[PDB]
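Asks: Sharing coords_24.txt (compact mmCIF, C-alpha atoms and all ligand atoms) below.
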# COMPACT_ATOMS: atom_id res chain seq x y z
CA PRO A 1 -100.38 139.26 -41.33
CA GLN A 2 -103.59 137.28 -41.72
CA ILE A 3 -103.28 133.53 -41.28
CA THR A 4 -105.92 131.14 -42.59
CA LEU A 5 -106.39 127.72 -41.02
CA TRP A 6 -106.51 125.32 -43.96
CA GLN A 7 -103.11 124.18 -42.71
CA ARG A 8 -101.62 124.32 -39.22
CA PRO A 9 -100.71 127.90 -38.30
CA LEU A 10 -97.00 127.21 -37.98
CA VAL A 11 -94.61 130.13 -37.74
CA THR A 12 -90.93 130.59 -37.14
CA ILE A 13 -89.91 131.78 -33.71
CA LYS A 14 -86.48 132.77 -32.49
CA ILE A 15 -85.40 131.90 -28.98
CA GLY A 16 -81.93 131.54 -27.52
CA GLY A 17 -80.58 132.65 -30.88
CA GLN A 18 -82.11 129.60 -32.56
CA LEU A 19 -84.92 129.33 -35.08
CA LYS A 20 -87.72 126.88 -34.34
CA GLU A 21 -91.17 126.23 -35.78
CA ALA A 22 -94.11 126.69 -33.46
CA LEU A 23 -97.88 126.52 -33.62
CA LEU A 24 -100.00 129.61 -32.94
CA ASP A 25 -102.47 127.98 -30.58
CA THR A 26 -105.50 129.89 -29.32
CA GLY A 27 -106.50 126.78 -27.39
CA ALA A 28 -103.33 126.92 -25.29
CA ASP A 29 -103.36 129.15 -22.21
CA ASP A 30 -99.58 129.10 -22.00
CA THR A 31 -96.59 128.66 -24.26
CA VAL A 32 -94.75 125.35 -24.11
CA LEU A 33 -91.67 124.39 -26.07
CA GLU A 34 -89.94 121.09 -26.62
CA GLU A 35 -87.04 120.20 -24.35
CA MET A 36 -84.31 122.82 -24.61
CA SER A 37 -81.94 124.87 -22.48
CA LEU A 38 -83.03 128.22 -21.08
CA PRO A 39 -81.28 130.58 -18.64
CA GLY A 40 -82.15 131.18 -15.00
CA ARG A 41 -84.09 129.23 -12.43
CA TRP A 42 -87.32 127.45 -13.21
CA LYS A 43 -90.44 126.66 -11.22
CA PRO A 44 -92.56 123.54 -11.58
CA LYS A 45 -95.88 123.56 -13.37
CA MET A 46 -98.45 121.00 -14.44
CA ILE A 47 -100.43 121.65 -17.60
CA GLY A 48 -103.40 119.62 -18.75
CA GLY A 49 -104.24 118.88 -22.35
CA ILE A 50 -106.61 116.60 -24.21
CA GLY A 51 -104.76 113.44 -23.18
CA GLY A 52 -103.87 114.28 -19.60
CA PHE A 53 -101.19 116.26 -17.78
CA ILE A 54 -97.47 116.72 -18.25
CA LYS A 55 -94.88 118.29 -15.98
CA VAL A 56 -93.05 121.24 -17.44
CA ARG A 57 -90.40 123.69 -16.33
CA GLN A 58 -91.49 127.31 -16.09
CA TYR A 59 -89.04 130.05 -17.07
CA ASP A 60 -90.03 133.68 -16.68
CA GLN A 61 -89.17 136.83 -18.60
CA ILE A 62 -87.83 134.95 -21.60
CA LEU A 63 -87.19 136.80 -24.85
CA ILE A 64 -88.90 135.20 -27.82
CA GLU A 65 -89.43 136.55 -31.31
CA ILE A 66 -92.58 135.37 -33.07
CA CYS A 67 -92.86 136.07 -36.79
CA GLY A 68 -90.57 139.03 -36.22
CA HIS A 69 -92.51 140.34 -33.22
CA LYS A 70 -90.49 140.48 -30.01
CA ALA A 71 -92.17 139.22 -26.87
CA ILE A 72 -90.87 138.73 -23.35
CA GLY A 73 -92.77 136.36 -21.16
CA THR A 74 -93.25 133.04 -19.49
CA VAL A 75 -92.17 130.01 -21.45
CA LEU A 76 -92.77 126.44 -20.35
CA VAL A 77 -90.42 123.65 -21.38
CA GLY A 78 -91.44 120.03 -21.35
CA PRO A 79 -92.42 116.89 -23.26
CA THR A 80 -94.83 118.67 -25.58
CA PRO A 81 -95.42 117.05 -29.01
CA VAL A 82 -94.91 120.38 -30.77
CA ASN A 83 -93.80 123.90 -29.89
CA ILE A 84 -96.87 125.85 -28.83
CA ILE A 85 -97.28 129.61 -28.69
CA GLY A 86 -100.17 130.13 -26.29
CA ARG A 87 -102.43 133.02 -25.40
CA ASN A 88 -99.94 134.50 -22.94
CA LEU A 89 -97.72 135.42 -25.89
CA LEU A 90 -100.37 135.69 -28.60
CA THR A 91 -101.75 138.66 -26.67
CA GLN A 92 -98.32 140.29 -26.58
CA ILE A 93 -98.09 140.30 -30.36
CA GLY A 94 -101.66 141.55 -30.67
CA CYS A 95 -103.08 138.39 -32.18
CA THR A 96 -106.85 138.10 -32.55
CA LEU A 97 -109.31 135.63 -34.04
CA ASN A 98 -111.52 137.06 -36.78
CA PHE A 99 -114.50 135.87 -38.82
CA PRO B 1 -116.47 139.54 -34.97
CA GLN B 2 -112.97 140.06 -33.60
CA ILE B 3 -112.09 137.93 -30.61
CA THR B 4 -109.24 138.95 -28.32
CA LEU B 5 -107.24 136.31 -26.48
CA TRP B 6 -107.05 137.79 -22.99
CA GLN B 7 -109.44 135.01 -22.01
CA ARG B 8 -110.11 131.63 -23.60
CA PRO B 9 -112.00 132.14 -26.87
CA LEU B 10 -115.21 130.38 -25.85
CA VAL B 11 -118.28 130.63 -28.07
CA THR B 12 -121.73 129.10 -28.15
CA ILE B 13 -122.33 126.36 -30.69
CA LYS B 14 -125.50 124.60 -31.76
CA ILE B 15 -125.27 120.92 -32.61
CA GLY B 16 -127.91 118.22 -32.68
CA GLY B 17 -130.39 120.79 -31.43
CA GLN B 18 -128.26 121.40 -28.35
CA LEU B 19 -126.49 124.60 -27.29
CA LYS B 20 -122.98 124.11 -25.96
CA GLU B 21 -119.90 126.16 -25.12
CA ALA B 22 -116.80 125.40 -27.17
CA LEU B 23 -113.27 126.70 -27.56
CA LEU B 24 -112.09 128.14 -30.88
CA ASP B 25 -108.83 126.23 -31.05
CA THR B 26 -106.36 126.97 -33.84
CA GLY B 27 -104.03 124.35 -32.41
CA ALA B 28 -106.60 121.60 -32.91
CA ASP B 29 -106.64 119.86 -36.28
CA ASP B 30 -110.08 118.39 -35.67
CA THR B 31 -113.19 119.22 -33.66
CA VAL B 32 -113.87 117.15 -30.57
CA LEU B 33 -116.83 117.41 -28.23
CA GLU B 34 -117.51 115.82 -24.86
CA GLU B 35 -119.57 112.61 -24.83
CA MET B 36 -122.91 113.02 -26.55
CA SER B 37 -125.27 111.25 -28.92
CA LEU B 38 -125.02 111.94 -32.65
CA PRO B 39 -126.80 110.32 -35.63
CA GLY B 40 -125.26 108.06 -38.24
CA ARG B 41 -122.46 105.54 -38.10
CA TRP B 42 -119.11 106.37 -36.52
CA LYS B 43 -115.53 105.14 -36.78
CA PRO B 44 -113.08 104.84 -33.90
CA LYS B 45 -110.10 107.18 -33.92
CA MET B 46 -107.21 108.05 -31.66
CA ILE B 47 -106.21 111.70 -31.30
CA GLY B 48 -103.15 112.98 -29.52
CA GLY B 49 -102.62 116.24 -27.72
CA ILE B 50 -100.62 117.38 -24.73
CA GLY B 51 -100.62 114.48 -22.29
CA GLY B 52 -101.21 111.73 -24.79
CA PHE B 53 -103.96 110.15 -26.84
CA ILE B 54 -107.65 109.56 -26.25
CA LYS B 55 -110.08 107.34 -28.13
CA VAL B 56 -112.96 109.17 -29.78
CA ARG B 57 -115.85 108.36 -32.08
CA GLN B 58 -115.68 109.98 -35.51
CA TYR B 59 -118.91 111.24 -37.09
CA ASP B 60 -118.89 112.72 -40.58
CA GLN B 61 -121.12 115.25 -42.34
CA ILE B 62 -122.24 116.80 -39.06
CA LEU B 63 -123.88 120.22 -39.13
CA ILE B 64 -122.80 122.74 -36.51
CA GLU B 65 -123.64 126.39 -36.00
CA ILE B 66 -120.78 128.46 -34.62
CA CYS B 67 -121.83 131.96 -33.54
CA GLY B 68 -124.63 131.87 -36.09
CA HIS B 69 -122.42 130.53 -38.87
CA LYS B 70 -123.43 127.16 -40.30
CA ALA B 71 -120.61 124.73 -40.98
CA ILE B 72 -120.44 121.08 -41.96
CA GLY B 73 -117.64 118.71 -41.12
CA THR B 74 -116.33 115.76 -39.19
CA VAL B 75 -116.96 115.89 -35.47
CA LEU B 76 -115.18 113.72 -32.94
CA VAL B 77 -116.85 112.71 -29.69
CA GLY B 78 -114.93 111.50 -26.66
CA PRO B 79 -113.47 112.15 -23.18
CA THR B 80 -112.15 115.61 -24.02
CA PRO B 81 -112.00 117.96 -21.00
CA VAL B 82 -113.48 120.82 -23.02
CA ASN B 83 -115.43 121.18 -26.26
CA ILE B 84 -113.03 122.06 -29.05
CA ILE B 85 -113.79 123.66 -32.40
CA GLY B 86 -110.79 122.79 -34.55
CA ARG B 87 -109.41 123.95 -37.88
CA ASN B 88 -111.63 121.63 -39.91
CA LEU B 89 -114.59 123.79 -38.90
CA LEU B 90 -112.87 127.12 -38.24
CA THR B 91 -111.98 127.32 -41.93
CA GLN B 92 -115.63 126.91 -42.85
CA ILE B 93 -116.70 130.01 -40.95
CA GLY B 94 -113.82 132.01 -42.40
CA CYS B 95 -111.93 132.31 -39.14
CA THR B 96 -108.41 133.70 -39.39
CA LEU B 97 -105.57 134.59 -37.05
CA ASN B 98 -104.54 138.24 -37.34
CA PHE B 99 -101.72 140.34 -35.91
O1 LIG C 1 -104.14 121.21 -24.47
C1 LIG C 1 -104.56 122.34 -24.79
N1 LIG C 1 -104.44 123.44 -24.00
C2 LIG C 1 -103.81 123.41 -22.69
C3 LIG C 1 -102.43 123.97 -22.76
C4 LIG C 1 -101.44 123.88 -23.85
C5 LIG C 1 -100.11 124.54 -23.65
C6 LIG C 1 -99.82 125.24 -22.40
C7 LIG C 1 -100.81 125.32 -21.31
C8 LIG C 1 -102.12 124.67 -21.52
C9 LIG C 1 -103.28 124.59 -20.61
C10 LIG C 1 -104.44 124.34 -21.61
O2 LIG C 1 -104.92 125.52 -22.27
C11 LIG C 1 -105.24 122.50 -26.11
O3 LIG C 1 -106.51 121.69 -26.31
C12 LIG C 1 -107.77 122.24 -25.83
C13 LIG C 1 -107.86 122.33 -24.32
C14 LIG C 1 -108.15 123.63 -23.74
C15 LIG C 1 -108.25 123.83 -22.32
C16 LIG C 1 -108.04 122.67 -21.39
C17 LIG C 1 -107.74 121.33 -21.97
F1 LIG C 1 -107.52 120.18 -21.09
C18 LIG C 1 -107.65 121.16 -23.45
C19 LIG C 1 -104.12 122.15 -27.06
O4 LIG C 1 -102.99 123.12 -26.96
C20 LIG C 1 -104.60 122.19 -28.45
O5 LIG C 1 -104.77 123.57 -28.85
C21 LIG C 1 -103.60 121.37 -29.36
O6 LIG C 1 -102.18 121.46 -28.88
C22 LIG C 1 -101.12 121.54 -29.87
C23 LIG C 1 -100.78 120.18 -30.52
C24 LIG C 1 -100.71 120.13 -31.99
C25 LIG C 1 -100.41 118.92 -32.72
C26 LIG C 1 -100.16 117.66 -32.00
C27 LIG C 1 -100.21 117.66 -30.52
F2 LIG C 1 -99.96 116.43 -29.78
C28 LIG C 1 -100.52 118.90 -29.79
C29 LIG C 1 -103.98 119.91 -29.55
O7 LIG C 1 -104.05 119.14 -28.57
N2 LIG C 1 -104.23 119.46 -30.82
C30 LIG C 1 -104.59 118.09 -31.14
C31 LIG C 1 -106.10 117.91 -31.32
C32 LIG C 1 -107.22 118.53 -30.60
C33 LIG C 1 -108.62 118.17 -30.99
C34 LIG C 1 -108.84 117.20 -32.07
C35 LIG C 1 -107.72 116.58 -32.79
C36 LIG C 1 -106.34 116.95 -32.39
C37 LIG C 1 -105.01 116.49 -32.92
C38 LIG C 1 -104.07 117.64 -32.53
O8 LIG C 1 -104.15 118.78 -33.42
Please lay out the structure from this file as structure tokens.
Replies:
Amino acid sequence: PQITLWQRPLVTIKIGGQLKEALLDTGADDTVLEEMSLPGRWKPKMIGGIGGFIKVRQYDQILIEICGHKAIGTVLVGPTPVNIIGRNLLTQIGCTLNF
Amino acid sequence: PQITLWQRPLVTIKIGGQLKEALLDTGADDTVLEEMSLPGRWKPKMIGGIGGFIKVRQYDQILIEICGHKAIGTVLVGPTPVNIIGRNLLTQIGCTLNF
């Protein structure tokens, strides 16, 4: 699908059997989701954004479906204002910027 | 062109007669550049991202050239860690997300 940017590029993702809305964010290196429960052990990570840094929990090899496309990768969980699908997963679904 | 997301989507922009490197950010509603001098009057604004909010100066009707494409829009100036080309300008150059 081709997504224009007149509005936020929000899509439905499925993770842990639940549907959530997330932003396709080319400006995000990684994928960070709002506080939730994920399986396995996590490692600590610090990510910096426009307003500073936040501590998140890093879970690896997590199954996540984005707009119907299945991806398996690293997902960060922390106090993010919105669910963000970053480049690590955008590349898995073959997402590109075009103009 | 078609930009892959294996690396950050950085492009050269021309603003106020200056050449700068900026990130094509679909997750950014607005465009914010690091501290610099721009003409006209400005209004203060607070923008929030990961980490919190930062105070920026809002300039309107600013002309910017993104990869050769001329676009006009509001440009925010402030303590952003990286130059960001947001949706308000990405739409003007016909940039879309595709997968
Ligand atoms: O922090 C970033 N990447 C980091 C990141 C993100 C997730 C995981 C890892 C990493 C590392 C970095 O790539 C990105 O910023 C560039 C950036 C790039 C590299 C290093 C940096 F410091 C900063 C960031 O994900 C933006 O894509 C965007 O995030 C989603 C969002 C949406 C709505 C409300 C929110 F509050 C947050 C965002 O902050 N948007 C806000 C914005 C920006 C400019 C002007 C106005 C407004 C308002 C709002 O849209």
Asks: Just the residues within 9 Å of residue 7 of chain B, please, counting only C-alpha atoms, with nothing from its chain fewer than 2 positions along; format it as JSON, numbers by chain.
Replies: {"A": [29, 87], "B": [4, 5, 9, 10]}
Asks: If I put a ball of radius 12 Å at (-99.8, 121.0, -24.9) in the file's coordinates, which residues poke into it when counting all atoms listed in the file, written as a PyMOL selection string?
Replies: (chain A and resi 22-34+46-56+76-86) or (chain B and resi 27-28+48-53)
Asks: Grab the atom CA of residue 97 of chain B to atom CA of residue 8 of chain A distance for me, in Å with one decimal place.
Replies: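 Straight-line distance from atom CA of residue 97 of chain B to atom CA of residue 8 of chain A works out to 11.2 Å.
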Asks: Can you measure atom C30 of ligand LIG 1 (chain C) to atom CA of residue 57 of chain B for me? One decimal in Å is fine.
Replies: 14.9 Å
Asks: Please provide chain B as a compact mmCIF listing (two decimals) with C-alpha atoms, keeping the file's coordinate frame, once it has been superposed on chain A by least squares across all sequentially paired Cα atoms.
Replies:
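Output saved as part_9.txt:
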# COMPACT_ATOMS: atom_id res chain seq x y z
CA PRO B 1 -100.31 139.17 -41.60
CA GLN B 2 -103.53 137.19 -41.94
CA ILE B 3 -103.19 133.47 -41.38
CA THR B 4 -105.82 131.09 -42.73
CA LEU B 5 -106.53 127.83 -40.93
CA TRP B 6 -106.64 125.37 -43.83
CA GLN B 7 -103.36 124.07 -42.45
CA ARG B 8 -101.88 124.24 -38.96
CA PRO B 9 -100.79 127.82 -38.24
CA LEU B 10 -97.07 127.14 -37.93
CA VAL B 11 -94.64 130.05 -37.74
CA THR B 12 -90.93 130.49 -37.15
CA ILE B 13 -89.88 131.72 -33.73
CA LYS B 14 -86.52 132.83 -32.40
CA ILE B 15 -85.66 131.98 -28.82
CA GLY B 16 -82.33 131.68 -27.06
CA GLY B 17 -80.66 132.39 -30.38
CA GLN B 18 -82.36 129.37 -31.92
CA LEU B 19 -84.89 129.26 -34.77
CA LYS B 20 -87.80 126.89 -34.23
CA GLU B 21 -91.20 126.12 -35.71
CA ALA B 22 -94.17 126.68 -33.40
CA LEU B 23 -97.94 126.53 -33.56
CA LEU B 24 -100.03 129.65 -32.93
CA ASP B 25 -102.48 128.06 -30.52
CA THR B 26 -105.46 130.06 -29.27
CA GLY B 27 -106.55 127.06 -27.23
CA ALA B 28 -103.33 127.10 -25.21
CA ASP B 29 -103.26 129.30 -22.12
CA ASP B 30 -99.48 129.16 -21.91
CA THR B 31 -96.53 128.67 -24.25
CA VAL B 32 -94.74 125.35 -24.12
CA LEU B 33 -91.70 124.30 -26.11
CA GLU B 34 -90.02 120.93 -26.53
CA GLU B 35 -87.04 120.17 -24.26
CA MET B 36 -84.33 122.79 -24.51
CA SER B 37 -81.93 124.79 -22.37
CA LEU B 38 -82.97 128.22 -21.11
CA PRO B 39 -81.25 130.64 -18.69
CA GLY B 40 -82.36 131.51 -15.18
CA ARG B 41 -84.12 129.53 -12.50
CA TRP B 42 -87.27 127.54 -13.24
CA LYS B 43 -90.24 126.22 -11.29
CA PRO B 44 -91.98 122.90 -11.89
CA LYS B 45 -95.52 123.02 -13.23
CA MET B 46 -98.15 120.59 -14.42
CA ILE B 47 -100.21 121.50 -17.48
CA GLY B 48 -103.21 119.61 -18.76
CA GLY B 49 -104.48 119.25 -22.28
CA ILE B 50 -106.25 116.56 -24.25
CA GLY B 51 -104.92 113.26 -22.96
CA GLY B 52 -103.86 114.45 -19.55
CA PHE B 53 -101.11 116.36 -17.82
CA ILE B 54 -97.38 116.68 -18.40
CA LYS B 55 -94.69 118.08 -16.14
CA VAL B 56 -92.86 121.10 -17.53
CA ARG B 57 -90.26 123.59 -16.36
CA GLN B 58 -91.49 127.17 -16.05
CA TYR B 59 -89.13 129.99 -17.06
CA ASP B 60 -90.18 133.61 -16.64
CA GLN B 61 -89.21 136.82 -18.43
CA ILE B 62 -88.15 134.96 -21.56
CA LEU B 63 -87.75 136.91 -24.79
CA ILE B 64 -89.17 135.38 -27.96
CA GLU B 65 -89.50 136.69 -31.48
CA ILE B 66 -92.62 135.53 -33.29
CA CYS B 67 -92.62 136.35 -37.01
CA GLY B 68 -90.38 139.33 -36.31
CA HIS B 69 -92.44 140.53 -33.36
CA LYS B 70 -90.62 140.66 -30.03
CA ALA B 71 -92.56 139.42 -27.02
CA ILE B 72 -91.68 138.71 -23.42
CA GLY B 73 -93.39 136.19 -21.20
CA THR B 74 -93.34 132.92 -19.33
CA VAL B 75 -92.22 129.95 -21.37
CA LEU B 76 -92.77 126.35 -20.35
CA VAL B 77 -90.37 123.62 -21.42
CA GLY B 78 -91.29 119.94 -21.43
CA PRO B 79 -92.32 116.79 -23.34
CA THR B 80 -94.81 118.56 -25.59
CA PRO B 81 -95.25 116.88 -29.01
CA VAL B 82 -95.12 120.24 -30.79
CA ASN B 83 -93.92 123.75 -29.96
CA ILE B 84 -96.89 125.83 -28.85
CA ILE B 85 -97.22 129.60 -28.76
CA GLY B 86 -100.07 130.22 -26.34
CA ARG B 87 -102.26 133.18 -25.42
CA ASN B 88 -99.75 134.61 -22.96
CA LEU B 89 -97.54 135.49 -25.92
CA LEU B 90 -100.13 135.80 -28.69
CA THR B 91 -101.60 138.81 -26.90
CA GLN B 92 -98.21 140.50 -26.90
CA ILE B 93 -97.92 140.45 -30.68
CA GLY B 94 -101.49 141.69 -31.06
CA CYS B 95 -102.84 138.46 -32.47
CA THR B 96 -106.61 138.23 -32.77
CA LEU B 97 -109.18 135.75 -34.03
CA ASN B 98 -111.38 137.21 -36.77
CA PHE B 99 -114.47 136.03 -38.63
Asks: Padding 8 Å on each side, edges along x, y and z: where is the centre of the box around the listed atoms of ligand LIG 1 (chain C), and how long are its edges in Å to one decimal? Output it as AutoDock Vina command-line options.
Replies:
--center_x -104.3 --center_y 121.0 --center_z -27.0 --size_x 25.0 --size_y 25.1 --size_z 28.8
Asks: Could you tell me which of B:71, B:93, B:65, B:58 comes closest to ligand LIG 1 (chain C) if we count only C-alpha atoms and all ligand atoms?
Replies: B:58
Asks: Can you work out the spacing between atom CA of residue 72 of chain B and atom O2 of ligand LIG 1 (chain C) in Å, to one decimal?
Replies: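 Taking atom CA of residue 72 of chain B and atom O2 of ligand LIG 1 (chain C), their separation equals 25.5 Å.
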Asks: Name all residues at most 10 Å from residue 60 of chain B (count all atoms listed in the file; drop same-chain ones fewer than 2 positions away) and give them as a PDB file with C-alpha atoms, keeping the file's coordinate frame.
Replies:
ATOM      1  CA  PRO B  39    -126.800 110.320 -35.630  1.00  0.00           C
ATOM      2  CA  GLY B  40    -125.260 108.060 -38.240  1.00  0.00           C
ATOM      3  CA  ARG B  41    -122.460 105.540 -38.100  1.00  0.00           C
ATOM      4  CA  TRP B  42    -119.110 106.370 -36.520  1.00  0.00           C
ATOM      5  CA  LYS B  43    -115.530 105.140 -36.780  1.00  0.00           C
ATOM      6  CA  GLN B  58    -115.680 109.980 -35.510  1.00  0.00           C
ATOM      7  CA  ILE B  62    -122.240 116.800 -39.060  1.00  0.00           C
ATOM      8  CA  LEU B  63    -123.880 120.220 -39.130  1.00  0.00           C
ATOM      9  CA  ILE B  72    -120.440 121.080 -41.960  1.00  0.00           C
ATOM     10  CA  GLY B  73    -117.640 118.710 -41.120  1.00  0.00           C
ATOM     11  CA  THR B  74    -116.330 115.760 -39.190  1.00  0.00           C
ATOM     12  CA  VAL B  75    -116.960 115.890 -35.470  1.00  0.00           C
ATOM     13  CA  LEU B  76    -115.180 113.720 -32.940  1.00  0.00           C
TER      14      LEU B  76
END
Asks: Using all atoms listed in the file, can you tell me which of A:67, A:19, A:3, A:89 comes closest to chain B?
Replies: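 Closest to chain B, using all atoms listed in the file: A:3.
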Asks: With distances taken over only C-alpha atoms, which residue among B:69, B:1, B:44, B:6 lies nearest residue 91 of chain A?
Replies: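 Checking each of B:69, B:1, B:44, B:6 against residue 91 of chain A, counting only C-alpha atoms, the winner is B:6.
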Asks: Which is closer to chain A than all the others in B:61, B:37, B:18, B:2, using only C-alpha atoms?
Replies: B:2
Asks: For each of A:94, A:21, A:36, A:66, take the minimum atom-to-atom distance to ligand LIG 1 (chain C), counting all atoms listed in the file, then give the residue where this is smallest.
Replies: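 Under the stated criterion, the closest residue is A:21.
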Asks: May I ask which of the residues A:45, A:96, A:16, A:64 is the closest one to ligand LIG 1 (chain C), counting only C-alpha atoms and all ligand atoms?
Replies: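 Selected residue with least distance to ligand LIG 1 (chain C): A:45.
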Asks: Could you write segment 33-51 of chain B as an mmCIF file, keeping the file's coordinate frame, with N, CA, C and O atoms rebuilt where they are missing?
Replies:
data_model
loop_
_atom_site.group_PDB
_atom_site.id
_atom_site.type_symbol
_atom_site.label_atom_id
_atom_site.label_comp_id
_atom_site.auth_asym_id
_atom_site.auth_seq_id
_atom_site.Cartn_x
_atom_site.Cartn_y
_atom_site.Cartn_z
ATOM 1 N N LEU B 33 -115.870 117.006 -29.244
ATOM 2 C CA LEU B 33 -116.830 117.410 -28.230
ATOM 3 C C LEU B 33 -116.941 116.343 -27.156
ATOM 4 O O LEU B 33 -116.652 115.179 -27.405
ATOM 5 N N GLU B 34 -117.352 116.750 -25.960
ATOM 6 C CA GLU B 34 -117.510 115.820 -24.860
ATOM 7 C C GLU B 34 -118.594 114.808 -25.234
ATOM 8 O O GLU B 34 -119.400 115.059 -26.133
ATOM 9 N N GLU B 35 -118.602 113.666 -24.554
ATOM 10 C CA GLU B 35 -119.570 112.610 -24.830
ATOM 11 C C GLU B 35 -120.984 113.110 -25.088
ATOM 12 O O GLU B 35 -121.536 113.891 -24.318
ATOM 13 N N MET B 36 -121.561 112.643 -26.186
ATOM 14 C CA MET B 36 -122.910 113.020 -26.550
ATOM 15 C C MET B 36 -123.389 112.097 -27.661
ATOM 16 O O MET B 36 -122.590 111.404 -28.298
ATOM 17 N N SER B 37 -124.693 112.093 -27.890
ATOM 18 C CA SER B 37 -125.270 111.250 -28.920
ATOM 19 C C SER B 37 -125.411 111.992 -30.240
ATOM 20 O O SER B 37 -125.936 113.102 -30.285
ATOM 21 N N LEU B 38 -124.925 111.373 -31.309
ATOM 22 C CA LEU B 38 -125.020 111.940 -32.650
ATOM 23 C C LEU B 38 -125.557 110.864 -33.577
ATOM 24 O O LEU B 38 -125.378 109.676 -33.326
ATOM 25 N N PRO B 39 -126.235 111.268 -34.662
ATOM 26 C CA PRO B 39 -126.800 110.320 -35.630
ATOM 27 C C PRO B 39 -125.784 109.777 -36.619
ATOM 28 O O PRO B 39 -124.708 110.347 -36.801
ATOM 29 N N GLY B 40 -126.140 108.669 -37.260
ATOM 30 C CA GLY B 40 -125.260 108.060 -38.240
ATOM 31 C C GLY B 40 -124.276 107.076 -37.660
ATOM 32 O O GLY B 40 -124.253 106.834 -36.453
ATOM 33 N N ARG B 41 -123.459 106.496 -38.531
ATOM 34 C CA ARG B 41 -122.460 105.540 -38.100
ATOM 35 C C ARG B 41 -121.199 106.321 -37.743
ATOM 36 O O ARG B 41 -121.011 107.453 -38.188
ATOM 37 N N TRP B 42 -120.343 105.715 -36.932
ATOM 38 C CA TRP B 42 -119.110 106.370 -36.520
ATOM 39 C C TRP B 42 -117.946 105.396 -36.645
ATOM 40 O O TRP B 42 -118.142 104.184 -36.705
ATOM 41 N N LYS B 43 -116.738 105.943 -36.687
ATOM 42 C CA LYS B 43 -115.530 105.140 -36.780
ATOM 43 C C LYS B 43 -114.650 105.504 -35.595
ATOM 44 O O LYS B 43 -114.626 106.655 -35.164
ATOM 45 N N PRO B 44 -113.933 104.522 -35.037
ATOM 46 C CA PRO B 44 -113.080 104.840 -33.900
ATOM 47 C C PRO B 44 -111.819 105.548 -34.388
ATOM 48 O O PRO B 44 -111.339 105.293 -35.490
ATOM 49 N N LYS B 45 -111.296 106.443 -33.564
ATOM 50 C CA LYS B 45 -110.100 107.180 -33.920
ATOM 51 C C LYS B 45 -109.343 107.527 -32.659
ATOM 52 O O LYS B 45 -109.930 107.632 -31.583
ATOM 53 N N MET B 46 -108.036 107.691 -32.790
ATOM 54 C CA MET B 46 -107.210 108.050 -31.660
ATOM 55 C C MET B 46 -106.628 109.423 -31.980
ATOM 56 O O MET B 46 -106.081 109.625 -33.060
ATOM 57 N N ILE B 47 -106.770 110.375 -31.067
ATOM 58 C CA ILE B 47 -106.210 111.700 -31.300
ATOM 59 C C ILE B 47 -105.252 112.028 -30.173
ATOM 60 O O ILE B 47 -105.517 111.724 -29.015
ATOM 61 N N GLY B 48 -104.131 112.644 -30.525
ATOM 62 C CA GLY B 48 -103.150 112.980 -29.520
ATOM 63 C C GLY B 48 -102.980 114.466 -29.320
ATOM 64 O O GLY B 48 -103.002 115.247 -30.271
ATOM 65 N N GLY B 49 -102.826 114.849 -28.061
ATOM 66 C CA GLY B 49 -102.620 116.240 -27.720
ATOM 67 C C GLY B 49 -101.573 116.252 -26.632
ATOM 68 O O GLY B 49 -100.766 115.327 -26.529
ATOM 69 N N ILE B 50 -101.565 117.302 -25.824
ATOM 70 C CA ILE B 50 -100.620 117.380 -24.730
ATOM 71 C C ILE B 50 -101.105 116.342 -23.723
ATOM 72 O O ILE B 50 -102.282 116.319 -23.375
ATOM 73 N N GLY B 51 -100.212 115.479 -23.265
ATOM 74 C CA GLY B 51 -100.620 114.480 -22.290
ATOM 75 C C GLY B 51 -100.782 113.097 -22.874
ATOM 76 O O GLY B 51 -100.661 112.100 -22.165
#
